[PDB]
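Inspection log for the structure reproduced underneath, given as structure tokens.
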Amino acid sequence: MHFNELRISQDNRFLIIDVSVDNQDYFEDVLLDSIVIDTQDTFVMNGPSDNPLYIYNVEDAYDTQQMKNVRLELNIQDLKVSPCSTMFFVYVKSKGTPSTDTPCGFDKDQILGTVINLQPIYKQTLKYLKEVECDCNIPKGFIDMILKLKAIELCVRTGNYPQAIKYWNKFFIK
Amino acid sequence: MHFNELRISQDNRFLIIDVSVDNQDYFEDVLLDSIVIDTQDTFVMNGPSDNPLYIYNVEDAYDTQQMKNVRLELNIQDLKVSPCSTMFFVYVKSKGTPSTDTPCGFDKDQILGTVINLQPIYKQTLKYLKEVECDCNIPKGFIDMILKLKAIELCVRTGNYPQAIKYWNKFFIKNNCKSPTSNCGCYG
Amino acid sequence: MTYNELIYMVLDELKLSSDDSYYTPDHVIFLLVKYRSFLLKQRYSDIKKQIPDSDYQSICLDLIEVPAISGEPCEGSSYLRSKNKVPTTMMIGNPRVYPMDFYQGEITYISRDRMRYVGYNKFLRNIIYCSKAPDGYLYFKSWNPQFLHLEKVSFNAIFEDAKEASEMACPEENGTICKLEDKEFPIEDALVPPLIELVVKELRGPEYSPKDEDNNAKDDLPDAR
Amino acid sequence: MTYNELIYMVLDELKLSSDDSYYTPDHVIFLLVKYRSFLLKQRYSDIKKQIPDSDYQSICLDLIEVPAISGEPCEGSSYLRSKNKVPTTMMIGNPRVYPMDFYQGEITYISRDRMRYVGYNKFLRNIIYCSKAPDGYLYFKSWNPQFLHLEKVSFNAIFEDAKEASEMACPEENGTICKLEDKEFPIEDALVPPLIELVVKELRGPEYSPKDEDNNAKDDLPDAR
Amino acid sequence: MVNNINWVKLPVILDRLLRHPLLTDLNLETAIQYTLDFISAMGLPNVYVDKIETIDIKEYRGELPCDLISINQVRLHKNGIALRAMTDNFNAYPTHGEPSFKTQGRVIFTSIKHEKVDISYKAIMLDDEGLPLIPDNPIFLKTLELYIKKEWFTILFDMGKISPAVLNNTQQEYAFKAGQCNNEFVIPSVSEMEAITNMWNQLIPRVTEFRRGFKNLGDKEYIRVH
Amino acid sequence: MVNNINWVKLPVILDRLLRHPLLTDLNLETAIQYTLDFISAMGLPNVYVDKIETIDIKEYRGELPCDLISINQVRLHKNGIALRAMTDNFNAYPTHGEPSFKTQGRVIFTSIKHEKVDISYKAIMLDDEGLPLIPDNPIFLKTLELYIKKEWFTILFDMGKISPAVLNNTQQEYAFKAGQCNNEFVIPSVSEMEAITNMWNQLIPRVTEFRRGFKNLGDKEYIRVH
Amino acid sequence: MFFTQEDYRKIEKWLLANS
Amino acid sequence: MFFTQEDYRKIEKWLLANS
Amino acid sequence: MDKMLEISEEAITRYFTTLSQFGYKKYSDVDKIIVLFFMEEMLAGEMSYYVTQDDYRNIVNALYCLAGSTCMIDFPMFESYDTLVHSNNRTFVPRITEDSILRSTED
Amino acid sequence: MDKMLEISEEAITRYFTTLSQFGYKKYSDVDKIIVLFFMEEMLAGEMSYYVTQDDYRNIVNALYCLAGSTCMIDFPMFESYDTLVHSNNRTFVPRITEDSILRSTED
């Protein structure tokens with residue numbers, strides 16, 4: 001099970017989630033179960049936390065192949081969070097048993113995808129480039145921002161979300 | 001032709017390949033011919049080597065949408081190679097003729113995509129991660145690891161495969177990884 | 001001048017021309033190199049003077065990354081060492097490691113004892129260091145991780161053995177010189193007559209000494225046989 | 001240079017080529033090893049001078065925990081010690097025990113008398129100390145119970161007997177050199193011609209001396225037999 | 001002090017000593033001892049870490065912190081009144097006033113039975129290893145280098161392995177740099193000269209800054225206009 | 001200083017040193033070390049780069065800039081009032097006025113809980129490699145040349161490879177050029193002498209230049225005519 | 001955590017396992 | 001795997017609901 | 001957890017490996033090893049019943065201070081397939097060159 | 001673009017070539033390399049959709065400060081056939097020596 005697109009809308013008003021189940025033959029029995037949204041405040045390592053930001057159960061929408069693909073567009077202001085200074089964690093679940101021929105390690109019910117707003121980062125890069133235009137010297141804040149973004153990338157791809165939030169809160173919010 | 005999912009499983013077992021011909025009607029006729037796997041030791045500038053690591057002819061199966069899309073789950077132990085210290089070259093040959101009026105260059109019967117295990121490289125980079133916190137000092141290890149990875153990335157994206165092999169040999173050929181245990185770890 | 005000229009000058013002064021001679025040219029080579037080192041230390045250790053370029057010699061080194069002790073997470077940072085063992089230098093000249101251009105680069109060559117405590121100064125953190133370890137190789141250390149990428153260097157110094165450094169000499173434009181006898185002997189021409197005199201004095205007396213000639217299960221030297 | 005080259009230089013200067021020679025190469029090894037220490041003391045004991053890298057050797061030791069006296073409770077804290085007896089260092093060089101990496105770690109080689117009283121300074125309670133006991137072993141002492149886990153150290157010094165420390169030489173990359181003749185002799189080239197001269201002078205006179213050659217139940221040396 | 005005490009690790013001195021071929025057998029074990037000797041012989045207060053730590057008094061006695069080297073002041077925790085040196089010879093001994101104190105080892109002998117006292121004391125800045133941490137001031141580094149060099153050359157000269165002229169030159173250089181370092185670490189900064197000026201020029205002298213923690217030693221003395 | 005501090009690269013000094021064949025074994029490492037040593041020993045304030053940088057105080061503590069060496073002043077961001085040095089021993093420690101500051105390492109101990117302060121400090125002009133950058137004043141270059149030569153000849157004389165007369169001459173020359181350099185960099189220029197003149201001649205003395213950033217220290221004191 | 005139903009069924013299955 | 005208090009509360013409440 | 005186990009085993013094995021090669025480890029890092037294994041036995045014992053999710057958050061965010069502190073403790077690696085910027089593999093398929101009253105359309 | 005990729009590939013290849021010959025490159029130059037490949041990544045991904053023409057102008061004018069800054073980054077060469085002073089290849093073809101009412105006249 002995987003993500004098709006997991007993006008925040010360019011208008012900074014919707015959080016786009018478009019999930020799908022993998023096309024391989026032995027997820028025929030497997031479906032999509034729920035969508036749980038967490039922020040940098042309510043995250044826990046062991047799956048979604050209690051009192052989450054927004055829970056979604058997918059039988060509610062439909063009345064079986066329609067249930068294998070889902071698309072959500074959440075008005076972020078309705079979630080009562082800041083679209084610019086929020087890092088969303090999007091969990092998904094399966095509620096379904098694959099066949100007995102699955103190769104090992106592929107049978108995992110849950111996934112996760114981190115989300116942030118790239119507009120503030122784009123504005124910071126534009127500001128630093130404007131500074132570079134004057135006298136052709138590289139500000140050190142620009143290199144610091146680049147390397148800290150790469151640090152958060154490494155933390156996310158290695159799954160070390162606690163230190164990822166620590167860096168986010170320490171550098172890209174305050 | 002294009003690649004949908006080209007990856008090594010994070011458990012260091014399976015070299016995952018998922019090819020699918022383009023959905024545009026120009027390429028309706030063209031079909032996949034074979035899958036040839038090469039490593040940095042059996043690589044040649046043009047086309048696959050005459051001593052590859054694995055061959056798979058598509059036509060030795062059901063023969064049309066099944067022919068247009070093919071997927072493999074090759075186990076690496078059968079290939080007698082190391083998942084982490086190896087860089088695979090995936091060649092896909094197409095059999096057919098694209099209909100005329102397609103813009104040129106799109107009608108490339110052969111496509112190539114490389115593979116590397118990024119987990120051990122992240123393991124190396126985590127050692128220098130915390131240098132980012134420490135101000136007053138340049139995070140030199142972090143920068144060095146990032147540039148080492150991006151050298152391979154750019155040399156791949158520009159088609160400069162020989163220098164990519166040279167950089168892989170210089171940097172990451174001595175990578176270590178936990179060999180997957182044959183007894184399948186049971187969970188779900 | 002080459003090894004051949006010096007060797008055959010010593011031999012001709014000794015008149016060791018017959019192939020059936022006890023003292024071969026290898027005796028001459030050994031004595032010449034050891035007396036070279038002896039004369040260089042005798043001249044350039046008492047007080048500091050100018051060493052000409054002729055007593056200096058160059059080698060080519062290929063560097064490989066090695067662990068400090070072994071492959072372990074907590075055994076310390078890795079080093080760069082030459083693939084082959086490095087001749088010992090003489091502490092009389094200007095030893096220098098350069099990146100194949102003498103007039104460029106700063107790769108300091110320091111004492112082995114000093115090299116333990118080095119690089120802590122904030123402005124000395126991008127300087128590459130060298131020292132011939134007790135293993136015999138020339139280890140490299142620095143705090144700027146870029147040094148590990150370095151692949152090939154040269155080393156100029158007044159080496160202890162002229163022969164060892166001559167075997168490791170840099171390739172020339174024409175190519176490698178196969179015979180040691182065709183290589184340039186590393187000594188100034190102002191020191192050559194003393195060297196020839198010392199070596200000829202070394203082998204003059206022995207040249208006319210008696211041998212144990214008889215094959216009789218007996219020591220025949222007391223009888224001057 | 002190796003033991004073989006020095007040995008055969010001495011032999012060829014003396015022309016002891018026949019197998020039926022009174023003075024065998026073993027005499028040459030003995031004299032060379034003793035005159036090496038003699039020359040090194042004569043040169044590097046008067047006033048402090050730079051010692052080259054050629055005079056040193058690295059031995060590798062395997063440490064074992066031993067009681068201070070016996071297995072009693074009140075007999076003091078235990079010490080580590082080398083499994084085998086260690087060569088005696090000369091007091092002219094830069095002795096150093098290092099943890100298989102010369103450029104890292106702090107193990108201090110001190111005198112026997114000093115090591116009785118070390119580590120009372122609160123900042124020096126984590127420093128490992130070394131000395132050669134009258135037993136002939138290298139004993140280790142510290143106030144930091146972590147030291148007792150140490151398993152291997154290498155000791156670099158100008159050892160007083162080249163043969164002993166060369167026999168204890170550390171394994172090379174290729175492997176151990178079985179024959180002592182193929183190992184490397186520990187001396188600078190500037191001290192080699194004097195060493196050969198001294199040994200050759202030592203055995204020149206005895207080489208041509210008479211023997212008690214008649215088997216007649218008689219001493220035949222007064223008659224120059 | 002005009003300059004700032006940026007801290008660096010001890011082997012920064014061995015970076016510099018072992019340039020000299022006659023000092024190549026020096027070690028961190030020797031560096032630690034001679035560095036502590038130099039720190040104490042110089043007695044510069046800017047090299048120590050200012051710390052404050054409260055303790056309780058059981059009966060005219062209190063436990064002292066582990067890292068204490070000197071006491072800037074002692075005061076009562078509740079009043080804030082500072083303590084003086086105890087001139088009394090019979091403090092905690094009865095037969096059949098203003099508070100004071102005395103410190104010898106790990107014990108502080110106050111004149112109060114049961115109270116908590118605040119001690120502002122000085123210690124040594126340590127490293128991640130339990131070792132001393134030295135200033136990187138090149139004057140300080142050069143003077144410490146010369147101290148260690150002078151000691152080692154004194155040993156070698158007692159042995160007869162160093163010419164007397166060499167030792168005389170080393171002692172001369174060390175003496176000049178010792179004076180230089182002493183002045184460098186002592187002469188006030190501009191901000192400290194404002195404190196000294198405010199202390200110096202006082203139409204109505206202030207002579208009771210010991211009761212406070214010398215808080216108002218440096219405040220300006222403002223006279224109203226009439 | 002009469003002249004201007006035009007910056008030039010470190011290897012200039014090695015271009016000048018290595019003309020002496022007895023100094024051909026010097027390297028950029030030794031140049032860097034002895035250049036830092038010389039810059040610190042002379043302590044010339046015109047060689048350092050004046051910078052101003054604002055920090056925020058958390059609770060009587062603040063983070064200090066990385067390149068700081070000495071602080072000219074510290075003031076409050078909102079009011080602009082300068083901070084004197086701390087005379088207190090119990091600054092942030094409570095029990096059961098005039099602002100001040102104190103700096104030891106990378107931390108500044110001020111007497112204010114939550115405020116921003118401006119710090120005017122001095123650092124080193126650095127090179128694009130990231131190395132110290134020296135003036136081209138040939139008096140400075142000559143004195144640094146003689147400093148490095150004096151250290152090298154001292155080391156050689158310790159081994160016994162230099163005559164005592166040569167070392168004595170080198171020390172004498174370096175001493176004279178050190179005095180010359182100190183007078184070169186410290187004697188006021190014509191405009192600095194105008195500032196000093198306006199500071200000296202004052203019918204109504206000004207004794208509050210520190211509250212401002214010594215801004216009006218050289219301001220001319222005008223008297224109205226009657 | 002966010003338990004799914006099937007996990008609860010597993011829990012009661014294994015609890016009534018010692019029935 | 002790891003449980004907190006709340007996880008046990010959910011599990012026990014869900015047990016009691018269906019008993 | 002089953003991972004605090006692995007980290008603790010790795011850390012103490014590295015500790016004793018260093019004490020085998022060298023004869024000294026910084027006690028400032030022995031403190032970190034002590035904290036680490038004390039926490040793991042705290043969480044794998046009878047005291048794991050007193051922890052809320054807020055306590056879990058605090059414990060994890062405090063243990064991550066030990067991650068790259070010394071070579072004995074490393075940053076753990078989890079199986080992750082995410083990133084800060086994701087790829088858009090959606091495809092475009094309009095219906096016979098049609099549009100809505102305002103915009104485009106697909107299948 | 002397809003040219004930022006080439007410039008970055010050349011720049012990092014030169015960087016590692018220097019680190020092969022030498023063991024040191026200025027970190028003031030590594031900063032320019034970092035800026036360059038960060039821009040290359042950002043413009044060739046999902047972040048380019050926020051780019052206006054003013055943003056493109058500013059980005060190009062900021063990147064050209066990197067052009068001759070180091071040996072690694074070099075001035076790009078584009079296909080151009082122009083100049084500040086263009087040529088005059090027009091030909092004069094008078095007709096029947098005919099002046100117009102005021103001006104001359106050609107075909």
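In the structure tokens, each chain is lettered A, B, ... as it comes, each chain's residues begin at 1, and ligands are numbered from 1 in order of appearance.
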Find the nearest atom pair between each residue of chain I and chain E for residues within 9 Å, count only C-alpha atoms, give distances in Å to one decimal, sort rows by chain and ascending number, and present the table as a tab-separated table.
```
residue	atom	partner	partner_atom	distance
I:26	CA	E:129	CA	5.8
I:27	CA	E:129	CA	7.4
I:28	CA	E:128	CA	6.3
I:29	CA	E:128	CA	8.8
```
Contacts of chain G with chain A up to 10 Å, shortest pair per row, only C-alpha atoms, as a Markdown table:
```
| residue | atom | partner | partner_atom | distance |
| --- | --- | --- | --- | --- |
| G:1 | CA | A:47 | CA | 5.1 |
| G:2 | CA | A:48 | CA | 5.6 |
| G:3 | CA | A:47 | CA | 9.0 |
| G:4 | CA | A:95 | CA | 7.5 |
| G:5 | CA | A:95 | CA | 8.3 |
| G:6 | CA | A:95 | CA | 7.4 |
| G:7 | CA | A:95 | CA | 9.7 |
```
Excluding residue E:208 and its own-chain neighbours fewer than 5 positions away, which residues fall within 12 Å of it when counting only C-alpha atoms? Please give them as a PyMOL selection string. chain E and resi 81-82+199+213-217
Using only C-alpha atoms, what does the table of chain A residues within 8 Å of chain I look like, with each row giving the shortest atom pair and its distance in Å to one decimal, sorted by chain and ascending number, as a tab-separated table?
```
residue	atom	partner	partner_atom	distance
A:4	CA	I:89	CA	6.0
A:5	CA	I:88	CA	5.1
A:6	CA	I:86	CA	6.3
A:7	CA	I:86	CA	7.2
A:43	CA	I:57	CA	7.9
A:44	CA	I:57	CA	6.4
A:49	CA	I:53	CA	7.6
A:50	CA	I:53	CA	7.9
A:111	CA	I:81	CA	7.8
A:112	CA	I:82	CA	6.7
A:113	CA	I:82	CA	5.0
A:114	CA	I:84	CA	6.0
A:115	CA	I:84	CA	6.0
A:116	CA	I:84	CA	6.6
A:153	CA	I:84	CA	6.3
A:156	CA	I:83	CA	5.8
A:157	CA	I:80	CA	5.7
A:158	CA	I:77	CA	5.2
A:159	CA	I:78	CA	5.1
A:160	CA	I:77	CA	7.1
A:162	CA	I:61	CA	6.1
A:163	CA	I:64	CA	6.6
```
Put those residues in a file: C-alpha atoms, as a compact mmCIF listing (two decimals), in the first residue's frame.
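Everything below was put into result-v4.txt:
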```
# COMPACT_ATOMS: atom_id res chain seq x y z
CA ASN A 4 -0.22 8.53 -5.03
CA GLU A 5 0.09 12.19 -4.05
CA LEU A 6 0.56 13.57 -0.53
CA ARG A 7 0.80 17.34 -0.88
CA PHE A 43 2.83 12.26 17.40
CA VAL A 44 3.87 9.02 19.08
CA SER A 49 -1.57 8.69 19.19
CA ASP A 50 -4.71 9.20 21.22
CA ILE A 111 2.39 3.33 6.33
CA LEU A 112 3.21 6.96 7.11
CA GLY A 113 3.86 10.12 5.12
CA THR A 114 5.14 13.44 6.44
CA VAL A 115 3.86 16.76 5.08
CA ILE A 116 5.09 20.35 5.33
CA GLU A 153 15.22 14.84 5.13
CA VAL A 156 12.44 11.45 7.90
CA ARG A 157 13.85 8.84 5.52
CA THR A 158 15.50 7.03 8.44
CA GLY A 159 12.30 7.26 10.50
CA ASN A 160 13.84 9.34 13.31
CA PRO A 162 11.51 12.82 17.23
CA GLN A 163 14.78 14.52 16.33
```
Superimpose chain G on chain H so that the squared distances between all in-order C-alpha pairs are minimised, and send the result as an mmCIF file with N, CA, C and O atoms, in the first residue's frame.
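Final output, part10.cif:
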```cif
data_model
loop_
_atom_site.group_PDB
_atom_site.id
_atom_site.type_symbol
_atom_site.label_atom_id
_atom_site.label_comp_id
_atom_site.auth_asym_id
_atom_site.auth_seq_id
_atom_site.Cartn_x
_atom_site.Cartn_y
_atom_site.Cartn_z
ATOM 1 N N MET G 1 6.746 -3.707 20.649
ATOM 2 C CA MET G 1 5.798 -2.730 21.255
ATOM 3 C C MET G 1 6.244 -2.246 22.628
ATOM 4 O O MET G 1 7.034 -2.895 23.312
ATOM 5 N N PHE G 2 5.719 -1.083 23.013
ATOM 6 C CA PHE G 2 5.810 -0.565 24.379
ATOM 7 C C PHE G 2 4.445 0.051 24.675
ATOM 8 O O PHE G 2 4.218 1.237 24.422
ATOM 9 N N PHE G 3 3.540 -0.762 25.210
ATOM 10 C CA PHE G 3 2.176 -0.310 25.442
ATOM 11 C C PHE G 3 2.134 0.749 26.536
ATOM 12 O O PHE G 3 2.790 0.621 27.573
ATOM 13 N N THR G 4 1.352 1.796 26.297
ATOM 14 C CA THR G 4 1.020 2.764 27.329
ATOM 15 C C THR G 4 -0.190 2.271 28.113
ATOM 16 O O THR G 4 -0.910 1.366 27.684
ATOM 17 N N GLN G 5 -0.400 2.873 29.285
ATOM 18 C CA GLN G 5 -1.520 2.454 30.117
ATOM 19 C C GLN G 5 -2.843 2.679 29.399
ATOM 20 O O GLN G 5 -3.698 1.788 29.363
ATOM 21 N N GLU G 6 -2.999 3.844 28.762
ATOM 22 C CA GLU G 6 -4.275 4.195 28.151
ATOM 23 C C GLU G 6 -4.655 3.180 27.078
ATOM 24 O O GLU G 6 -5.842 2.887 26.886
ATOM 25 N N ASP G 7 -3.662 2.601 26.401
ATOM 26 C CA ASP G 7 -3.945 1.520 25.464
ATOM 27 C C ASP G 7 -4.526 0.307 26.183
ATOM 28 O O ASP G 7 -5.474 -0.316 25.691
ATOM 29 N N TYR G 8 -3.980 -0.042 27.351
ATOM 30 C CA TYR G 8 -4.561 -1.134 28.124
ATOM 31 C C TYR G 8 -5.999 -0.823 28.519
ATOM 32 O O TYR G 8 -6.878 -1.688 28.413
ATOM 33 N N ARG G 9 -6.257 0.400 28.999
ATOM 34 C CA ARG G 9 -7.633 0.778 29.313
ATOM 35 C C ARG G 9 -8.534 0.632 28.097
ATOM 36 O O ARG G 9 -9.677 0.187 28.222
ATOM 37 N N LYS G 10 -8.043 1.005 26.912
ATOM 38 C CA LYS G 10 -8.823 0.783 25.699
ATOM 39 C C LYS G 10 -9.125 -0.697 25.507
ATOM 40 O O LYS G 10 -10.252 -1.071 25.156
ATOM 41 N N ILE G 11 -8.127 -1.556 25.732
ATOM 42 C CA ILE G 11 -8.326 -2.989 25.521
ATOM 43 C C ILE G 11 -9.396 -3.528 26.466
ATOM 44 O O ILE G 11 -10.318 -4.230 26.040
ATOM 45 N N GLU G 12 -9.301 -3.206 27.760
ATOM 46 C CA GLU G 12 -10.324 -3.724 28.673
ATOM 47 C C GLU G 12 -11.676 -3.067 28.442
ATOM 48 O O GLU G 12 -12.710 -3.708 28.638
ATOM 49 N N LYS G 13 -11.694 -1.801 28.029
ATOM 50 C CA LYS G 13 -12.949 -1.156 27.677
ATOM 51 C C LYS G 13 -13.639 -1.921 26.559
ATOM 52 O O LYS G 13 -14.820 -2.269 26.660
ATOM 53 N N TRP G 14 -12.888 -2.274 25.516
ATOM 54 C CA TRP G 14 -13.483 -2.994 24.401
ATOM 55 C C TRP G 14 -13.734 -4.468 24.715
ATOM 56 O O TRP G 14 -14.520 -5.107 24.013
ATOM 57 N N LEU G 15 -13.075 -5.035 25.729
ATOM 58 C CA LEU G 15 -13.362 -6.420 26.103
ATOM 59 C C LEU G 15 -14.613 -6.518 26.970
ATOM 60 O O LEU G 15 -15.478 -7.368 26.730
ATOM 61 N N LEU G 16 -14.733 -5.652 27.979
ATOM 62 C CA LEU G 16 -15.968 -5.514 28.741
ATOM 63 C C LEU G 16 -17.074 -4.855 27.924
ATOM 64 O O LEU G 16 -18.191 -4.694 28.422
ATOM 65 N N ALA G 17 -16.764 -4.416 26.707
ATOM 66 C CA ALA G 17 -17.790 -3.984 25.772
ATOM 67 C C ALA G 17 -18.799 -5.093 25.463
ATOM 68 O O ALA G 17 -19.991 -4.811 25.299
ATOM 69 N N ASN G 18 -18.348 -6.349 25.371
ATOM 70 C CA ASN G 18 -19.229 -7.500 25.175
ATOM 71 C C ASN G 18 -19.555 -8.196 26.495
ATOM 72 O O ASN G 18 -19.694 -9.423 26.545
ATOM 73 N N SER G 19 -19.678 -7.414 27.560
ATOM 74 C CA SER G 19 -19.902 -7.907 28.913
ATOM 75 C C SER G 19 -21.294 -8.512 29.071
ATOM 76 O O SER G 19 -22.273 -8.043 28.486
#
```
Return the neighbours of chain B among the residues of chain A, cut-off 10 Å, counting only C-alpha atoms, as a PyMOL selection string. chain A and resi 24+97-98+103-109+144-145+147-148+150-152+154-155+157-158+163+167+170-171
Could you turn the residues from that selection into a file that holds C-alpha atoms, as a PDB file, in the first residue's frame?
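The result, written out as result_3.pdb:
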```pdb
ATOM      1  CA  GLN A  24       0.093  -6.717  -7.280  1.00  0.00           C
ATOM      2  CA  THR A  97      -5.252 -10.328   5.044  1.00  0.00           C
ATOM      3  CA  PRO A  98      -2.972 -10.859   2.005  1.00  0.00           C
ATOM      4  CA  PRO A 103       7.237 -12.359  -0.075  1.00  0.00           C
ATOM      5  CA  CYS A 104       8.445 -11.607   3.424  1.00  0.00           C
ATOM      6  CA  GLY A 105       8.498  -8.016   4.642  1.00  0.00           C
ATOM      7  CA  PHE A 106       5.879  -6.825   2.146  1.00  0.00           C
ATOM      8  CA  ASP A 107       2.889  -7.608   4.407  1.00  0.00           C
ATOM      9  CA  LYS A 108       2.623  -4.407   6.446  1.00  0.00           C
ATOM     10  CA  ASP A 109      -0.770  -2.911   7.249  1.00  0.00           C
ATOM     11  CA  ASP A 144      22.601  26.606   7.444  1.00  0.00           C
ATOM     12  CA  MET A 145      19.032  26.409   6.134  1.00  0.00           C
ATOM     13  CA  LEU A 147      21.955  21.721   5.627  1.00  0.00           C
ATOM     14  CA  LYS A 148      19.197  21.732   8.253  1.00  0.00           C
ATOM     15  CA  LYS A 150      18.875  18.004   4.498  1.00  0.00           C
ATOM     16  CA  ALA A 151      19.110  16.912   8.140  1.00  0.00           C
ATOM     17  CA  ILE A 152      15.318  16.768   8.412  1.00  0.00           C
ATOM     18  CA  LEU A 154      17.654  12.267   6.512  1.00  0.00           C
ATOM     19  CA  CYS A 155      15.709  12.023   9.770  1.00  0.00           C
ATOM     20  CA  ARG A 157      13.849   8.838   5.517  1.00  0.00           C
ATOM     21  CA  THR A 158      15.498   7.026   8.442  1.00  0.00           C
ATOM     22  CA  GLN A 163      14.784  14.521  16.332  1.00  0.00           C
ATOM     23  CA  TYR A 167      15.024  20.378  14.393  1.00  0.00           C
ATOM     24  CA  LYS A 170      14.038  24.736  16.847  1.00  0.00           C
ATOM     25  CA  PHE A 171      14.883  26.137  13.398  1.00  0.00           C
TER      26      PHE A 171
END
```
Separation of atom CA of residue E:191 and atom CA of residue E:123, in Å? 24.1 Å
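Separating atom CA of residue I:33 from atom CA of residue C:76 is a distance of 18.5 Å.
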Near-stretch 182-191 of chain C list (7 Å; only C-alpha atoms; drop same-chain fewer than 4 positions) as a PDB file with C-alpha atoms, in the first residue's frame:
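See result-v3.pdb below for the written result:
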```pdb
ATOM      1  CA  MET C   1      76.232  10.890 -11.954  1.00  0.00           C
ATOM      2  CA  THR C   2      74.584   7.471 -11.681  1.00  0.00           C
ATOM      3  CA  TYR C   3      75.088   4.454  -9.447  1.00  0.00           C
ATOM      4  CA  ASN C   4      77.091   2.814 -12.237  1.00  0.00           C
ATOM      5  CA  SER C  54      71.504  16.743  -5.081  1.00  0.00           C
ATOM      6  CA  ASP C  55      71.305  15.039  -1.676  1.00  0.00           C
ATOM      7  CA  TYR C  56      67.494  15.135  -1.942  1.00  0.00           C
ATOM      8  CA  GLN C  57      65.467  12.394  -3.588  1.00  0.00           C
ATOM      9  CA  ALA C 162      69.434   5.815  -1.285  1.00  0.00           C
ATOM     10  CA  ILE C 177      64.387   3.011 -15.269  1.00  0.00           C
ATOM     11  CA  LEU C 195      82.859   8.915  -0.107  1.00  0.00           C
TER      12      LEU C 195
END
```
Residues of chain B no more than 10 Å from chain J, counting only C-alpha atoms: send them over as number ranges by chain. B: 138, 140, 143-144, 146-148, 150-158, 160, 163, 167
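For the set A:15, A:26, A:125, A:2, the residue with the smallest atom-to-atom gap to residue A:99 is A:26, counting only C-alpha atoms.
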My list of candidates is I:102, I:91, I:18, I:74. Which is closest to residue B:124 when distances are computed with only C-alpha atoms? I:74
Within 8 Å of residue D:125 using only C-alpha atoms, minus same-chain residues under 2 positions, as a list in words: residues 119, 120, 121, 122, 123, 127, 142, 143 and 144 of chain D
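Of the residues in chain H, those given alpha helix (DSSP H) by DSSP on the backbone are residues 5, 6, 7, 8, 9, 10, 11, 12, 13, 14, 15, 16 and 17 of chain H.
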Keeping C-alpha atoms for every residue in the selection just given, could you write it to a file as a PDB file, in the first residue's frame?
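Listing of part08.pdb after writing:
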```pdb
ATOM      1  CA  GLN H   5      -1.756   3.054  30.279  1.00  0.00           C
ATOM      2  CA  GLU H   6      -4.262   4.351  27.731  1.00  0.00           C
ATOM      3  CA  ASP H   7      -3.719   1.309  25.518  1.00  0.00           C
ATOM      4  CA  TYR H   8      -4.663  -0.986  28.400  1.00  0.00           C
ATOM      5  CA  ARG H   9      -7.673   1.211  29.193  1.00  0.00           C
ATOM      6  CA  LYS H  10      -8.938   0.889  25.613  1.00  0.00           C
ATOM      7  CA  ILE H  11      -8.354  -2.873  25.595  1.00  0.00           C
ATOM      8  CA  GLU H  12     -10.125  -3.523  28.899  1.00  0.00           C
ATOM      9  CA  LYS H  13     -13.040  -1.202  28.103  1.00  0.00           C
ATOM     10  CA  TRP H  14     -13.508  -2.918  24.743  1.00  0.00           C
ATOM     11  CA  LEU H  15     -13.440  -6.304  26.491  1.00  0.00           C
ATOM     12  CA  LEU H  16     -16.087  -5.252  29.013  1.00  0.00           C
ATOM     13  CA  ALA H  17     -18.277  -3.696  26.311  1.00  0.00           C
TER      14      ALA H  17
END
```
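A straight line drawn from atom CA of residue E:83 to atom CA of residue F:59 is 27.4 Å long.
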Interface list for chain C, partner chain D, 6 Å threshold, only C-alpha atoms, as a ChimeraX atom specification: /C:34,37-38,69,116,206,217-219,221-222
